[PDB]
RNA sequence: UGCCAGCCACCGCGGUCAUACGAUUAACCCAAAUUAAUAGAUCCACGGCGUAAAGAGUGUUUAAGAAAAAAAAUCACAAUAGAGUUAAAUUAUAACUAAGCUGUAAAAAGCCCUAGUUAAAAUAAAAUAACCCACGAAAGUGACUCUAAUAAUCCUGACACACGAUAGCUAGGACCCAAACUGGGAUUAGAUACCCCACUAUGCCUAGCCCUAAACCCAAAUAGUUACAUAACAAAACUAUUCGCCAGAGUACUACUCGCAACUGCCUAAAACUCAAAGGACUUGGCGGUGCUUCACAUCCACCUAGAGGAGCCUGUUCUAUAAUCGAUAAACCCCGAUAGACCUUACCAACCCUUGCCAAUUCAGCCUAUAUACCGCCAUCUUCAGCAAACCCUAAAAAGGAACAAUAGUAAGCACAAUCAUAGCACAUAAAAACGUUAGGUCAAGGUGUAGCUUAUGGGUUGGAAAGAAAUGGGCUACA
Ligand SMILES: [Mg+2]
Ligand SMILES: [Mg+2]
Ligand SMILES: [Mg+2]
Ligand SMILES: [Mg+2]
Ligand SMILES: [Mg+2]
Ligand SMILES: [Mg+2]
Ligand SMILES: [Mg+2]
Ligand SMILES: [Mg+2]
Ligand SMILES: [Mg+2]
Ligand SMILES: [Mg+2]
Ligand SMILES: [Mg+2]
Ligand SMILES: [Mg+2]
Ligand SMILES: [Mg+2]
Ligand SMILES: [Mg+2]
Ligand SMILES: [Mg+2]
Ligand SMILES: [Mg+2]
Ligand SMILES: [Mg+2]
Ligand SMILES: [Mg+2]
Ligand SMILES: [Mg+2]
Ligand SMILES: [Mg+2]
Ligand SMILES: [Mg+2]
Ligand SMILES: [Mg+2]
Ligand SMILES: [Mg+2]
Ligand SMILES: [Mg+2]
Ligand SMILES: [Mg+2]
Ligand SMILES: [Mg+2]
Ligand SMILES: [Mg+2]
Ligand SMILES: [Mg+2]
Ligand SMILES: [Mg+2]
Ligand SMILES: [Mg+2]
Ligand SMILES: [Mg+2]
Ligand SMILES: [Mg+2]
Ligand SMILES: [Mg+2]
Ligand SMILES: [Mg+2]
Ligand SMILES: [Mg+2]
Ligand SMILES: [Mg+2]
Ligand SMILES: [Mg+2]
Ligand SMILES: [Mg+2]
Ligand SMILES: [Mg+2]
Ligand SMILES: [Mg+2]
Ligand SMILES: [Mg+2]
Ligand SMILES: [Mg+2]
Ligand SMILES: [Mg+2]
Ligand SMILES: [Mg+2]
Ligand SMILES: [Mg+2]
Ligand SMILES: [Mg+2]
Ligand SMILES: [Mg+2]
Ligand SMILES: [Mg+2]
Ligand SMILES: [Mg+2]
Ligand SMILES: [Mg+2]
Ligand SMILES: [Mg+2]
Ligand SMILES: [Mg+2]
Ligand SMILES: [Mg+2]
Ligand SMILES: [Mg+2]
Ligand SMILES: [Mg+2]
Ligand SMILES: [Mg+2]
Ligand SMILES: [Mg+2]
Ligand SMILES: [Mg+2]
Ligand SMILES: [Mg+2]
Ligand SMILES: [Mg+2]
Ligand SMILES: [Mg+2]
Ligand SMILES: [Mg+2]
Ligand SMILES: [Mg+2]
Ligand SMILES: [Mg+2]
Ligand SMILES: [Mg+2]
Ligand SMILES: [Mg+2]
Ligand SMILES: [Mg+2]
Ligand SMILES: [Mg+2]
Ligand SMILES: [Mg+2]
Ligand SMILES: [Mg+2]
Ligand SMILES: [Mg+2]
Ligand SMILES: [Mg+2]
Ligand SMILES: [Mg+2]
Ligand SMILES: [Mg+2]
Ligand SMILES: [Mg+2]
Ligand SMILES: [Mg+2]
Ligand SMILES: [Mg+2]
Ligand SMILES: [Mg+2]
């Protein structure tokens with residue numbers, strides 16, 4: 002037979018070792034292939050413990066400064082009048098244009114928000130987009 | 128379950144209270160009886176001291192009050 | 036619970052002859068009759084005799100042929116002669132089988148005062164209808 | 031518990047044994063009062079031949095006679111030992127058979 | 098899940114995002130493995146319980162000369178093989194999960210069981226799934242049909258190439274003799 | 001030998017077939033020693049304290065200790081103690097009005113100085129907000145307002161100090177309503193209870209005691225961590241510093257001590273003796289005058305018909321009577337073994353008789369003698385119930401369990417049910433069938449047997465004799481027109 006114990010260790014462990022004890026008289030296929038190209042981590046069993054107390058996760062939330070602008074864009078106009086497409090990999094929205102204009106007026110060295118925001122709005126007015134202006 | 132321990136206690140208590148009711152005055156005797164021994168042993172305790180310290184009489188102004196028999 | 040002529044369910048390993056696996060209510064439906072004679076028909080006589088007779092030939096064949104009898108013994112009565120069929124297991128060396136053939140036929144014929152005919156069908160092992 | 035506690039309380043001592051019916055001696059000499067009979071505890075039933083005896087310790091004690099058959103008369107002297115009898119309540123003392131006024135339980139040959 | 102914490106990239110507004118670099122590193126190794134088994138002429142069993150994709154995965158597998166099991170999974174299946182399938186039988190050399198779950202959102206039995214039987218396992222873990230018993234994981238999205246289709250056709254192709262290459266090297270073997 | 005005589009260190013053995021007794025027969029093991037007894041050596045806890053024995057009712061400090069950095073912010077507002085106040089309801093007591101009013105499952109007693117309405121102080125208690133979770137050390141605290149006011153630059157700490165729900169005790173007030181006790185009323189075999197009705201100590205205030213709770217969140221304080229890790233169950237697992245507590249179960253919230261405004265009290269708290277257990281959590285059953293759904297189809301209720309219990313008689317039991325069968329005897333006995341006793345049957349009693357006394361042979365026959373709790377046979381019964389069971393497979397372990405169909409660990413031939421047969425074509429109906437077990441259910445008197453007994457007799461024959469009714473009852477038959 003073999004060893005059906007799912008907890009003990011990786012299949013690699015059990016198999017290699019049972020052959021090592023010469024119980025298993027036939028080397029299995031996936032075994033040799035495995036030796037050749039092992040995976041990153043051994044497939045070993047772990048209890049999925051819950052977290053208590055002060056322990057949080059290691060995930061880093063995802064934010065850009067672009068977003069700190071977009072916040073203000075949606076704060077003014079809302080979602081773009083052009084709608085959206087998640088099928089089209091290159092899609093630029095009204096929002097993204099706004100962000101670009103604002104980046105270039107940032108490279109124009111204006112520190113005041115009113116100027117940056119409004120003049121960027123003038124750039125997009127000159128681009129013929131409809132800015133709804135909701136309070 | 129643990130009630131089965133409490134049952135015993137409950138019974139033993141009840142069966143005791145009942146007892147102490149019937150036996151009340153017998154009890155009352157033997158209590159006071161020992162208080163009159165207490166007060167006496169107490170007394171002897173001090174008497175022992177005069178006689179041990181060489182004095183003949185109990186020292187001046189000593190009535191040796193009764194503590195144990197204190198009532199009302 | 037009817038215990039009549041029945042064979043109980045085991046742990047499931049018990050070998051059973053087709054006959055012993057078919058319970059009394061099954062006669063004339065699946066199972067057949069082990070004997071045949073005129074005696075139980077409407078207008079007929081001497082049923083009793085053929086019954087005693089039959090019984091004695093059951094015991095007789097079980098005793099003359101030890102350990103070699105396969106399934107219950109099939110009697111037929113035809114026009115005064117008996118035709119006794121047996122399923123017999125192969126144990127004995129054939130000489131002994133024919134010794135007992137002659138022995139039986141003669142002995143019975145002179146006992147029941149009517150000519151007896153004997154037939155042995157030999158079988159390698161008891162037929163198994165169920166379980167096993 | 032904690033270390034200061036284990037210090038303050040010392041290490042545990044093994045408590046001295048409580049002496050039994052024979053009060054520590056291997057056997058006792060005894061004198062018969064009344065031969066009689068007792069009934070066993072529940073799951074099993076019989077009737078056991080017991081004695082009442084006095085011990086050289088001047089204490090009176092109920093004891094048990096082993097074997098079938100005996101002669102035990104008042105004022106007879108016996109020897110006793112500390113076998114407790116598993117059938118009966120509170121009989122902790124066996125009579126030694128074979129000594130003094132109890133001879134070896136007789137043989138039927 | 099708690100065991101995805103390393104494979105993740107980060108939370109975008111509450112939705113979690115896998116690391117695609119890691120996806121490629123992993124998937125490479127997975128596909129390589131798949132292939133090397135196919136070439137060595139052994140059974141491959143795809144498995145998913147997921148309904149949307151059932152058809153795909155059979156339609157994929159039937160075309161690979163590989164087997165799918167997309168259905169209710171009878172209990173003792175791999176563990177008690179000879180009783181369920183037949184008097185003596187060969188078992189999947191490699192099991193490949195396109196979803197790691199059952200429709201009740203527990204881990205599919207086949208995971209515990211493959212792992213129980215010394216079968217290697219290649220499957221797509223998702224942010225909720227538990228990777229730890231799977232031999233070769235690929236972290237990635239199981240749910241969106243572009244993703245299922247992608248993984249399907251990829252394992253399909255790895256299989257096909259292994260089989261072709263097998264045939265070829267056999268012909269060369271035959272010329273050399 | 002038959003729960004007797006007796007044996008055992010613990011579990012236990014003896015109730016007719018004892019490897020446990022007593023004695024043989026074989027063995028085992030020690031061996032000039034061998035057993036028994038009694039003392040030792042050895043033997044708890046560097047383990048624990050939610051459910052098992054164990055975190056004290058609460059806080060502070062002394063004694064004694066332990067120590068990187070951060071470690072006082074605010075009530076989402078109900079600590080406490082004062083002083084003042086009242087919205088709802090209720091009650092006195094008047095004015096009318098009607099005879100009832102109250103009260104239960106149903107009533108009774110009770111009150112008509114009652115009831116409805118309209119007025120109205122005191123006393124007591126604080127709807128909603130509260131699906132909130134604050135304040136206090138804990139007990140506790142939630143109507144309103146104002147006064148005073150919530151220790152410690154914050155570690156642990158007592159037998160010291162100060163508090164401590166209810167109930168209770170002492171003195172004085174209060175008294176709407178509630179209410180131990182008690183008296184009526186029902187219920188009941190009884191009802192010192194549950195239900196009803198009154199009414200009291202008492203809950204209320206002021207002052208003084210008493211110091212107990214399932215004072216329990218059964219989870220000690222102060223810093224930490226979520227690493228390692230599932231006995232079970234419950235509130236998931238653990239470090240470090242401390243103090244407090246636990247050495248089988250009863251006995252025992254007990255006996256004696258000590259101290260206390262207690263003197264049927266509180267606190268502290270043993271031993272003799274008895275037992276081989278006592279405990280915690282779980283597992284399948286079974287059970288439930290628990291809850292919920294769904295049924296009963298001759299079936300519980302409601303309903304329909306025809307009868308039993310009364311009368312005469314038939315016949316079976318049970319009792320008395322007899323010298324004079326046995327068996328059945330809740331459902332599952334009682335026109336039952338009997339589809340069958342004048343002799344016979346026949347097993348019974350009374351007398352007489354016969355001893356290889358049916359057979360081919362046998363120190364052998366023959367036995368309706370004791371075991372149905374040794375049995376095979378045949379059956380009853382749950383049951384017109386759906387389950388039983390090998391072979392496997394799974395379960396951070398398994399005593400056992402193992403399904404969900406947009407399916408979650410089950411597969412499995414077998415025996416049951418179902419299906420088919422029979423009731424001369426269908427169909428339904430009836431018949432049959434109906435496992436595994438259960439009731440040590442029935443039967444050694446159908447027959448056969450294991451164990452025991454009888455052998456000039458518990459064996460075998462001949463002749464007679466039994467089966468009477470004071471009653472009591474089961475089932476029938478025939479009536480009452
Ligand atoms: Mg008691
Ligand atoms: Mg005293
Ligand atoms: Mg029947
Ligand atoms: Mg002894
Ligand atoms: Mg007797
Ligand atoms: Mg014997
Ligand atoms: Mg022994
Ligand atoms: Mg013996
Ligand atoms: Mg010696
Ligand atoms: Mg030790
Ligand atoms: Mg614990
Ligand atoms: Mg406890
Ligand atoms: Mg104790
Ligand atoms: Mg506490
Ligand atoms: Mg304290
Ligand atoms: Mg207490
Ligand atoms: Mg100091
Ligand atoms: Mg520190
Ligand atoms: Mg006041
Ligand atoms: Mg008012
Ligand atoms: Mg009023
Ligand atoms: Mg009024
Ligand atoms: Mg009512
Ligand atoms: Mg009245
Ligand atoms: Mg409320
Ligand atoms: Mg609250
Ligand atoms: Mg404070
Ligand atoms: Mg302190
Ligand atoms: Mg108090
Ligand atoms: Mg009070
Ligand atoms: Mg009053
Ligand atoms: Mg008043
Ligand atoms: Mg009142
Ligand atoms: Mg009364
Ligand atoms: Mg009653
Ligand atoms: Mg009641
Ligand atoms: Mg009153
Ligand atoms: Mg109060
Ligand atoms: Mg409390
Ligand atoms: Mg509680
Ligand atoms: Mg406590
Ligand atoms: Mg403390
Ligand atoms: Mg503190
Ligand atoms: Mg840690
Ligand atoms: Mg468990
Ligand atoms: Mg003790
Ligand atoms: Mg108390
Ligand atoms: Mg006391
Ligand atoms: Mg004290
Ligand atoms: Mg009826
Ligand atoms: Mg019924
Ligand atoms: Mg009638
Ligand atoms: Mg009548
Ligand atoms: Mg009779
Ligand atoms: Mg009589
Ligand atoms: Mg009888
Ligand atoms: Mg009987
Ligand atoms: Mg019966
Ligand atoms: Mg009848
Ligand atoms: Mg007669
Ligand atoms: Mg006789
Ligand atoms: Mg008897
Ligand atoms: Mg029986
Ligand atoms: Mg039987
Ligand atoms: Mg079924
Ligand atoms: Mg099972
Ligand atoms: Mg037909
Ligand atoms: Mg039918
Ligand atoms: Mg029937
Ligand atoms: Mg059928
Ligand atoms: Mg019986
Ligand atoms: Mg009976
Ligand atoms: Mg017999
Ligand atoms: Mg016999
Ligand atoms: Mg005779
Ligand atoms: Mg006669
Ligand atoms: Mg009558
Ligand atoms: Mg009639």
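Residue numbers (the deposited numbering), protein chains in the order written: chain b, 2 to 136; chain n, 128 to 199; chain C, 36 to 167; chain L, 31 to 139; chain B, 98 to 274.
A virtual CB, placed ideally from N, CA and C, is assigned to each residue, including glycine.
**Q.** Buried versus exposed call for residue 166 (chain B) [16 or more other C-beta atoms within 10 Å across all chains shown]
**A.** Along the fifth chain, read from residue 1 onward, the residue named residue 166 (chain B) stands at position 69. Classification of residue 166 (chain B): buried, given that the 10 Å Cβ count is 16 or more.
Q) Any idea if residue 163 (chain B) is buried or exposed, counting beta-carbon neighbours within 10 angstroms, 16 or more meaning buried? A) Translated into the one-based positions of the fifth chain, residue 163 (chain B) becomes position 66. That one is buried.
Q: Tell me, please, whether the CB atom of residue 205 (chain B) is closer than 7 Å to any CB atom in chain b?
A: As a first step, residue 205 (chain B) must be located in the fifth chain, where it is residue number 108. For residue 205 (chain B), the answer is no, since every Cβ of chain b falls outside 7 Å of its Cβ.
(Q) Please state the DSSP three-state secondary structure of residue 33 (chain b). (A) The residue given as residue 33 (chain b) occupies position 32 in the first chain. The answer is helix: DSSP assigns residue 33 (chain b) an H, G or I state.
Q. Should residue 95 (chain L) go down as buried or exposed, given a rule of 16 or more other Cβ atoms within 10 Å for buried?
A. Taking the fourth chain and counting its residues from 1, the one referred to as residue 95 (chain L) is at position 65. Buried, because 16 or more other Cβ atoms sit within 10 Å of the Cβ of residue 95 (chain L).
Q.
Could you pull the DSSP bridge partners for residue 164 (chain B) from this structure?
A. If you number the fifth chain from 1, residue 164 (chain B) lands on position 67. In the DSSP output, where bridge partners are listed per residue, residue 164 (chain B) has B:142.
Q | Short-range partners of chain b found in the stretch 221 to 236 of chain B, where Cβ spacing is below 7 Å | A | 227, 229, 230, 231, 232, 233
Q: Report all residues from its chain with a CB closer than 6 Å to the CB of residue 63 (chain L); omit the five preceding and five following residues, and keep chain order.
A: As a working note, residue 63 (chain L) is residue 33 in the fourth chain. Same-chain partners within the cutoff: 82.
(Q) Could you tell me the alpha carbon to alpha carbon distance between residue 125 (chain L) and residue 111 (chain L), rounded to whole angstroms? (A) Residue numbering aside, residue 125 (chain L) sits at position 95 when the fourth chain is read from its first letter. Residue numbering aside, residue 111 (chain L) sits at position 81 when the fourth chain is read from its first letter. The alpha-carbon atoms of residue 125 (chain L) and residue 111 (chain L) are separated by roughly 6 Å.
Q.
Just list the residues that DSSP pairs residue 67 (chain L) with in beta bridges.
A. The residue labelled residue 67 (chain L) in the question sits at position 37 within the fourth chain. Per DSSP, L:79.
Q) Of all the options B:226, B:119, B:158, which has the alpha carbon lying nearest to the alpha carbon of residue 204 (chain B)? A) The count along the fifth chain starts at 1 and reaches residue 204 (chain B) at position 107. Among B:226, B:119, B:158, the Cα nearest to that of residue 204 (chain B) belongs to B:226.
(Q) Counting only C-beta atoms, is residue 70 (chain b) closer than 7 Å to chain B at any point? (A) Sequence index remark: in the first chain, residue 70 (chain b) carries index 69 (1-based). False, the Cβ-Cβ gap to chain B never drops below 7 Å.
Q. Chain B partners of residue 35 (chain b), CB-CB under 9 Å?
A. Sequence index remark: in the first chain, residue 35 (chain b) carries index 34 (1-based). Here the neighbours are 130, 217, 232.
Q) Do you know whose CA, among B:198, B:192, B:238, lies nearest residue 219 (chain B)'s CA? A) What you label residue 219 (chain B) is simply residue 122 of the fifth chain in a count that begins at 1. It is B:192 whose Cα lies nearest to the Cα of residue 219 (chain B).
Q | Best match in B:130, B:101, B:104, B:149 for proximity to residue 244 (chain B) [C-alpha to C-alpha] | A | To locate residue 244 (chain B), count along the fifth chain from 1; it is residue 147. Here the closest residue by C-alpha is B:149.
(Q) Please tell me whether residue 224 (chain B) and residue 113 (chain B) are closer than 7 Å, where the distance is taken between their beta carbons. (A) For this step, residue 224 (chain B) is matched to residue 127 along the fifth chain. For this step, residue 113 (chain B) is matched to residue 16 along the fifth chain. It is a contact, given that the beta carbons lie within the stated cut-off.
Q) What are the residues of the stretch 137 to 161 of chain B that lie near chain b, defined by any Cβ-Cβ distance shorter than 7 Å? A) 137, 139
Q | Residue burial classification, residue 134 (chain n) (beta-carbon count within 10 angstroms, cutoff 16) | A | Position 7 of the second chain, counted from the start, is the residue given in the question as residue 134 (chain n). Result: exposed.
(Q) Can you tell me which residues form a DSSP beta bridge with residue 118 (chain C)? (A) Here residue 118 (chain C) refers to the residue found at position 83 of the third chain. Partner(s): C:111, C:152.
Q | Sub-7 Å separation of residue 30 (chain b) and residue 137 (chain B) beta-carbons | A | Translated into positions along the first chain, residue 30 (chain b) becomes position 29. Translated into positions along the fifth chain, residue 137 (chain B) becomes position 40. Yes, Cβ-Cβ distance for residue 30 (chain b) and residue 137 (chain B) is below 7 Å.
Q) How about residue 232 (chain B) and residue 242 (chain B): are their beta carbons less than 7 Å apart? A) Taking the fifth chain and counting its residues from 1, the one referred to as residue 232 (chain B) is at position 135. Taking the fifth chain and counting its residues from 1, the one referred to as residue 242 (chain B) is at position 145. Going by C-beta atoms, residue 232 (chain B) is not nearer than 7 Å to residue 242 (chain B).
Q: Could you list which residues in chain b have their beta carbon closer than 8 Å to that of residue 107 (chain B), in chain order?
A: Numbered from 1 along the fifth chain, position 10 holds the residue referred to as residue 107 (chain B). Here the neighbours are 60, 61, 62, 63.
Q.
So if I threshold CB-CB distances at 7 Å, which residues from the stretch 82 to 114 of chain b count as touching chain B?
A. none
Q: Show which residues of chain B have a CB atom less than 7 Å away from the CB atom of residue 3 (chain b).
A: Counting from one through the first chain, the residue named residue 3 (chain b) turns up at place 2. Neighbours of residue 3 (chain b) on chain B, chain order: 215.
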